[PDB]
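Structural overview for review
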Amino acid sequence: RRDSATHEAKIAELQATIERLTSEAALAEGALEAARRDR
Amino acid sequence: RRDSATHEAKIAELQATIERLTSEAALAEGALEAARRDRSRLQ
Amino acid sequence: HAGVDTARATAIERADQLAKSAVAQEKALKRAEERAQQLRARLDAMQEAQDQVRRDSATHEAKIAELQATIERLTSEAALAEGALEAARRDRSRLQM
Amino acid sequence: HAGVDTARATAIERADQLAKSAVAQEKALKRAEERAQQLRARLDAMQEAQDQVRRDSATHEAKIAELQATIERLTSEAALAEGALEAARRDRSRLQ
Amino acid sequence: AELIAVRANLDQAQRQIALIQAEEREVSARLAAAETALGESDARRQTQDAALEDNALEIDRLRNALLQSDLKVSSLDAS
Amino acid sequence: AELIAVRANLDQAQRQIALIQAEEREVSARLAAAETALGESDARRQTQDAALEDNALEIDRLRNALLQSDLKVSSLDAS
Amino acid sequence: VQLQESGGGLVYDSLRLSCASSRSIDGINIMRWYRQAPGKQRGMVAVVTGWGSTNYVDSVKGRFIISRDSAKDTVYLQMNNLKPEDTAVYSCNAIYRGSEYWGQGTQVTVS
Amino acid sequence: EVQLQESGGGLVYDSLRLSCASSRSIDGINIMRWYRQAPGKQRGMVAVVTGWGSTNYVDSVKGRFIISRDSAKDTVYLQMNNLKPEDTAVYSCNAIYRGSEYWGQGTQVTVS
Amino acid sequence: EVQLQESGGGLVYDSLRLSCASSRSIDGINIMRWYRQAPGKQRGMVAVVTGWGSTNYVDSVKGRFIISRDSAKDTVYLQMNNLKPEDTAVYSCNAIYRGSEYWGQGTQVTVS
Amino acid sequence: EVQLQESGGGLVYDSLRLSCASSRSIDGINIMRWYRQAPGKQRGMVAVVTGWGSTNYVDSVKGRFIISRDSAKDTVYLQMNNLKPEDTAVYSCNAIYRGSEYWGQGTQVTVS
């Protein structure tokens, strides 16, 4: 009944952190690895 | 009930995909710190 | 005249024998002077032969000295070549270490 | 009586003058033989003088032979030295 | 290699070159001395041959004159 | 290179051996003829000189014979 | 799951790369596209998420576009204003139930 | 707006402990990962922790460090074990709550 | 005071030839060698000739180039054969006389 | 053929004197060289003295090392003053007689 609302709060927060991890992946895995192998 | 049950898999998924999206990071900065080590040949 | 007649006779041959003892000696000096001129020609030719070899040794020393000053340069170039270029290369190629 | 007490005068002249004079001829024979034997002494000296200078030029000829022998196998050392430089400077083609 | 057995014969070569030079020089000097001495000896021999010719003529002539002289002695004592 | 070159230097050795035969030719002709004739002409020198001393003694004795014969001729003529 | 992609080729521009998937209308989490320039280690290019958040590596930002189409069930990659350094082999990736899945790979070359 | 204050610094010849005090998030502790800054160099990766507990470690420290939550005390531990002298670095814990990143003042561990 | 002068430079698809016109040293010729300066690189030796005629080359040209003297005309010759476009370089001559090293103004050889 | 055997090698904190004794050529001496081979590195030259007293050194050793012939002792020397810890190497004395090059065993001199 009431517990349903918290599941989205588990969905919302846990899905927003995956955004941050993907953003930090842009800098690490693609950018600074490729960029700093060249220098 | 039924719809709450559908929530469980997604949470069980989201925590699961984080496990093996951070697992790439450990192998990721391992190579970034191996590449930055090459800067010893320049500094 | 009693004893003089002989002295005329005797001293004419004493003159005559020494009259051809002079021709013999004259031919002796004219052959001993020719043997002197053979020796002069040999020594004069051998004096110039020695002189020719004198500046032959002088040109050799001119070759030696200038063939040393070239090696003084090749040894000098190898200093920069073998010393600077080579050692620095292997010190620059120490990156593998 | 007369022609014989006089004619001895022209005969003694040869026997006295030439006896001393021909000795001066004999001295020249010794002198021209001394000149001959002195030059003959010099000729052996100059052949020995030839001999040392004969070897001296040969020693000089070996010095040129040894000196060019260095250069011939000291320019070869430079020939391989520049091969080492170009081979090592060919390595930088891989990076730049 | 083989230079051991070849430079040995080059050494023998230059040894006999030294023999050549020494013996040739000593023979040449001896030959010059002998030739000059033989020329002088023959000159003396021929001067003395001329002396012998002239003086044998003198002796034959003088003996003939003495014979004629003694003949005149004998004729004078026969006078 | 050195093989043929120093075999050629041994060939130089054989050439100088030919020059050894040249020196032996000098001794075999020139020196031999020179001293043989020198000995002969000095023998003739001694023979000539002894004969010339005998020759001078002959001239002196027969000339003194003429002097005495002339003196006797003069005396017998003065008779 | 079978991820099969398409859209590759050698071209003179802009291009579209799809990665056909096997199941899960809107149910799969992060899909990504990886490229491997020959002689270089494979690297990430784009990222899409279940809700629609997207990102790109700064080497391609403003150019490559990662997109979804839940009806056709295929993650797209609009790949526009290609540069000659964009010659590489583009293989789609995924994370379903944790296990990473890849694709056969397609190559795009430009010059 | 959670505020993270690092802890556990010091000096050794050993095996040290590190903590990251958290201002909020009892039991809702999403990714708390630990970063060390090599002096004169860039910041680094050490380990992560999650709400559920999946902790992975970077290859250079794998099998040595352990990162464990303390949900009640609201602090994520970074254990240091089988240390090497190459670990002298300024240590800084990191947070992600509501998608925002919350670093800290950083501490230091000298291993020499 | 030898005053060299190079000649024979230009452009080929083959074969070329270079000269180094010496201003003195008629037959008094010690080492006279050829240097190439690759465009944007440093000088390097190519071939060496000597008074005796001892010719020795660098590996990069050995069996391809010939360094041949001409003692009559006061000139040294570097015959160029079977070229590569790698041989595009400025070619200059050197000479050692009385120890002093003399260069030449140089000529450019472009092969490609 | 010449046999070259060195002497004077050793170890110090100081200064040294490397010497090289030969088998022939009493003052009829052409180029004799002194090399050194750092471990795991190719052989390199340092000093050259020629039979006339002319000397040259590589830029690394100039101002410090002095090379000096000695005709009477049939030996060439190579002084080493103000030795630096970087100068450690194996030092082989060299000579060029009759064209071909002849080497020596070497003497590992360590300075550190």
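For each chain, numbering begins from 1 and proceeds through the sequence as written. The entry may number the same residues differently, and residues missing coordinates are not shown. Here the convention is simple: chains get letters from A, ligands get numbers from 1, in the order in which they are written. Only hydrogens and water are removed before side-chain values are computed, so all heavy atoms of the structure are retained for them.

A few points about the overall build of chain B
- The secondary structure listing takes helices from DSSP runs of H or I that are at least 4 residues long and strands from runs of E that are at least 2 residues long, numbered from the N terminus. Counting secondary structure elements, chain B contains 1 helix and 0 strands.
- Dimensions of chain B, computed from C-alpha atoms along their principal axes, come out at roughly 60 × 10 × 5 Å.
- Three exposure classes are used, based on accessible area relative to the maximum for each residue type with a 1.4 Å probe and protein chains only: buried under 20%, partly exposed in between, and exposed over 50%. By residue count, 37% of the 43 residues in chain B fall in the buried class.
- Entry remark: accessible area of chain B is about 2700 Å², with carbon and sulfur atoms responsible for 47%.
- Charge convention: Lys and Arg are scored as positive, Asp and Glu as negative, and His as well as the terminal groups of each chain are ignored. To locate a charge, take atom NZ for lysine, CZ for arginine, CG for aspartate or CD for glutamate. Taking the average place of the 8 positive charges on the side chains of chain B and the average place of its 8 negative ones, the gap between the two points comes to 3 Å. Accessible surface area values rest on a Shrake-Rupley calculation with a 1.4 Å probe, where residue burial reflects the displayed protein chains alone.

Comments concerning the overall build of chain H
- When its secondary structure is counted, chain H shows 0 helices and 10 strands.
- Taken from the N to the C terminus, the helices and strands of chain H come in the order β-β-β-β-β-β-β-β-β-β.
- Atoms considered for the radius of gyration are the C-alpha atoms alone. The globule rule reads 2.2 Å times the number of residues to the power 0.38. Relative to its length of 112 residues, chain H is compact, with a C-alpha radius of gyration of 13 Å against a globular reference of 13 Å.
- Seen along its three principal axes, the alpha-carbon backbone of chain H occupies a region of about 35 × 25 × 20 Å.
- Considering chain H as a whole, with its 112 residues, one finds that 46% of them fall into the buried category.
- Total accessible area on chain H is roughly 5400 Å²; 47% of this is exposed by carbon and sulfur atoms.

Quick look at the side chain of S22 of chain J
- The residue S22 of chain J is located in the loop between β3 (16-21) and β4 (32-36) in this model.
- If sequence neighbours within four positions are ignored, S22 of chain J has contacts with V2, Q3, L4, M32 and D74 of chain J. The criterion used for residue contact is that any of the two residues' heavy atoms lie within 4.5 Å.

Remarks on the relation of the copies chain E and chain F
- Between chain E and chain F, which share one sequence, the superposing operator has a rotation angle of 179 degrees and an axial displacement of 0.3 Å; the RMSD is 1.5 Å. Taken together, these values place the two copies in the relation of a two-fold axis.
- Here 95% of the contact residues of chain E are again contact residues in chain F; the copies associate through an equivalent surface. The superposition method for the copies is least squares, with the C-alpha atoms as the fitted set.

Notes on the interface of chain E and chain F
- Contact residues are listed per partner, giving 38 residues for chain E and 38 residues for chain F.
- For the pair chain E and chain F, the summed buried surface comes to about 3600 Å²; carbon and sulfur atoms form 66% of the total.
- When residues of chain E are sorted by the area they lose upon contact with chain F, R30, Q48 and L62 of chain E head the list and together hold 14% of the total.
- Within this document, salt bridges are pairs made up of a side-chain nitrogen of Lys or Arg and a carboxyl oxygen of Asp or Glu, the two lying within 4 Å of each other. On inspection of chain E and its partner chain F, the count reaches 4 salt bridges.
- Two residues, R30 of chain E and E35 of chain F, come together in a salt bridge whose shortest N-O distance is 2.8 Å.
- Polar contact criterion, stated in full: a pair of N or O atoms within 3.5 Å, where within protein one must be able to donate a hydrogen and the other to accept it, and residues adjacent in sequence count only if both atoms are side-chain atoms. There are 10 residue pairs in polar contact connecting chain E and chain F.
- Here the residues of the side of chain E that touches chain F sort into 18 nonpolar, 6 polar and 14 charged. Once two parts are brought into contact, the accessible area they lose, counted with a 1.4 Å probe and summed over both, makes up the buried area. Charged residues are taken to be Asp, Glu, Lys and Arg, nonpolar residues to be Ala, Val, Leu, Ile, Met, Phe, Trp, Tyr, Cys and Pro, and polar residues to be all remaining types, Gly included.

Quick look at the sheet that holds strand β6 (residues 54-56) of chain G
- The 6 strands are arranged β2-β12-β9-β4-β5-β6 (chain G) in an open sheet whose pairing can be described as mixed. Looking along the sheet, the strands with just one partner apiece sit at the ends: β2 (9-11) and β6 of chain G. Geometrically, the sheet is characterised by an average inter-axis angle of 20 degrees between neighbouring strands, direction not taken into account.
- To obtain each axis, a line is fitted to C-alpha atoms, and for helices this fit is confined to the stretch in contact; angles are then taken between N-to-C directions over 0 to 180 degrees. Each of β4 (31-36), β5 (43-48) and β6 of chain G is contacted by helix α1 (residues 4-38) of chain A, which is oriented at about 165 degrees to β5 of chain G, the strand it contacts most. Criterion used throughout: strands pair if DSSP finds at least two bridges between them.

Considerations on the sheet that holds strand β12 (residues 107-111) of chain J
- Strand order in this open sheet of 3 strands is β2-β12-β9 (chain J), and the pairing throughout is mixed. Whereas interior strands pair on both sides, the edge strands pair on one side only; in this sheet they are β2 (11-12) and β9 (89-91) of chain J.

Some points on the arrangement of the chains
- Interchain contacts are distributed over 17 pairs of chains, and the most extensive set of them lies between chains E and F.
- At the C-alpha level, the nearest point of chain A lies 15 Å from chain C, with no contact between them.
- There is a gap between chain G and chain H: no contact, and a shortest C-alpha distance of 12 Å.

Observations regarding the nonpolar core
- Residue types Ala, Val, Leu, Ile, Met, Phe, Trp, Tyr and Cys, when buried and joined through side-chain atoms within 4.5 Å, form a set referred to as a nonpolar core. Among the nonpolar cores identified, the biggest contains 74 residues, and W34 and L78 of chain I together with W34 and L78 of chain J are the most heavily contacted of them.
- With sequence-adjacent residues up to four places away left out, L78 of chain I is seen in contact with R17, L18, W34, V46, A47, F65, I66 and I67 of chain I.
- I11 of chain A, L21 of chain B together with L16 and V109 of chain H belong to the second largest nonpolar core, which has 46 residues in total.

Focus on the interface of chain C and chain D
- With 33 residues of chain C at the contact, the number on the chain D side is 42 residues.
- Between chain C and chain D, roughly 3700 Å² of surface is buried when both sides are summed, and carbon and sulfur atoms account for 75% of that area.
- Inspection of the region where chain C meets chain D yields 0 salt bridges.
- Our enumeration of links across chain C and chain D arrives at 1 residue pair in polar contact.
- Where the side of chain C that touches chain D is concerned, the elements lending two or more residues are α1 (4-17) and α2 (20-92) of chain C.
- A per-element tally of the side of chain C that touches chain D places α2 of chain C first, with 24 residues.

Let's talk about the environment of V58 of chain H
- For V58 of chain H, the location among the structural elements is in the loop between β5 (32-37) and β6 (66-70).
- Along the chain, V58 of chain H and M45 of chain H lie 13 residues apart, while their C-alpha atoms are 6.4 Å from each other.
- In this structure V58 of chain H touches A26, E29 and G30 of chain B together with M45 and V46 of chain H, once residues within four positions along its chain are discounted.

Topic: the state of the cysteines
Residue and element names in this part refer to chain H.
- In plain terms, two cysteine sulfur atoms within 2.5 Å form what is called a disulfide here. Tallying each qualifying case throughout the model produces 4 disulfides over all chains.
- Across the disulfide from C20 sits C93; the S-S distance is 2.0 Å. Around the S-S axis, the bridge from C20 to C93 shows a dihedral of about 55 degrees and counts as right-handed. In this pair, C20 is assigned in strand β4 (residues 20-22) and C93 in strand β8 (residues 89-97), connecting sequence segments 73 residues apart.
- For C20, a relative accessible area of 1% puts it in the buried group.

Considerations on the packing of aromatic side chains
- Ring geometry is summarised as follows: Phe, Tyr and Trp rings, the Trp one being its six-membered ring, pair when their centres sit within 6.5 Å, and such pairs are stacked at plane angles under 30 degrees, edge-to-face over 60 and tilted between the two. Counting across every chain of the model gives 5 aromatic pairs over all chains.
- The interplanar angle of 45 degrees and the centroid separation of 5.2 Å between the aromatic rings of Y34 of chain G and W102 of chain G together place this pair among those described as tilted. On the criterion of sequence distance, the pair formed by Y34 of chain G in strand β4 and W102 of chain G in the loop between β11 (99-101) and β12 (106-110) is long-range, its members being 68 residues apart.
- The buried category is assigned to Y34 of chain G, whose relative accessible area is 6%.
- Overall, the relative accessible area of 32% leaves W102 of chain G in the partly exposed class.
- Ring centres of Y35 of chain I and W103 of chain I lie 4.6 Å apart, and the angle between their planes is 85 degrees; this geometry places the pair in the edge-to-face category. Placement of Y35 of chain I in strand β4 (residues 32-37) and of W103 of chain I in the loop between β11 (100-102) and β12 (107-111) is noted, with a sequence separation of 68 residues between them.
- Looking at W103 of chain I, the relative accessible area reads 33%, which means it is partly exposed.
- Residue placement shows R64 of chain H over the ring face of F65 of chain H; its charged tip is 4.9 Å from the ring centre.
- Here, over-ring charges are defined by two tests on the NZ atom of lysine or the CZ atom of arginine: distance to the ring centre within 6 Å, and angle to the ring normal within 35 degrees. Across the ring face of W103 of chain J, the terminal group of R43 of chain J is positioned such that the distance to the ring centre comes to 4.3 Å.

Overview of the side chain of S19 of chain H
Residue and element names in this part refer to chain H.
- Within the secondary structure layout, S19 lies in the loop between β3 (17-18) and β4.
- Since its relative accessible area comes to 18%, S19 is described here as buried.
- Ignoring sequence-local partners within four residues, the contact set of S19 consists of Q5, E6, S7, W34, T75, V76 and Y77.

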